[PDB]
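Q: First the structure, which I've put down as C-alpha cells, then a few questions once you've had a look.
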Amino acid sequence: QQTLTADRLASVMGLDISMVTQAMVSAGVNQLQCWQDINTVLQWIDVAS
Amino acid sequence: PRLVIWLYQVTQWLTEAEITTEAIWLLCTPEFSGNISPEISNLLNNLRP
C-alpha cells in the first residue's frame, strides 16, 4: 500500500528520525511510494554518515 | 546513582544472556505499527471457519 511513513521506516531500521527527514528533504522525495525513493534516501544517509 | 546502577545491571545481564539491545527493545516496547500484518490476516482467515 502507500502507508509507509518516514517515522515507521526510521524506527524499523534503527536510524534517527532527524537524519531520515533531512535525507528525504534533500533528495526531493516527499512520499515513499516505490523502492527507488527508499534507495535514494538510504544513499543520502550513507553518504552523510 | 539508582539510575546508573540500573543501567549497569541491565547491560551486564544483556551481555551475559547474549541479547542485543534491539532485541530487548522489540521485546518490551509499547509502540506498534498499527497496520494489520499478513500473519494476522492468515490467522483470521484460518480461524473464521
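Q: For B:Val4 and B:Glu31, what is the calculated FRET efficiency with R₀ set at 35 Å and r taken between the beta-carbons, to the nearest 0.05?
A: It comes to 0.85.
Q: Taking only the alpha-carbon atoms of chain B, what semi-axes of the equivalent ellipsoid follow from 5 times the gyration tensor eigenvalues under a square root, in whole Å, largest first?
A: Working from the Cα gyration tensor, I get semi-axes of 37, 12, 8 Å.
Q: Per residue, how big is the convex hull around the C-alpha atoms of chain A? Give it to me in cubic angstrom, could you?
A: 67 Å³
Q: Per DSSP H run of n ≥ 4, the term is -39500 (n - 2.57); total these for chain A, divide by its residue number, and report the mean residue ellipticity at 222 nm rounded to 500 deg cm²/dmol.
A: After summing the helix terms and dividing by residue count, I get -20500 deg cm²/dmol.
Cβ coordinates were reconstructed from backbone atoms using ideal geometry, including for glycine residues, and neighbour counts include every protein chain displayed. Every number in this text was worked out from the coordinates using simple rules, so none of it is lab data.
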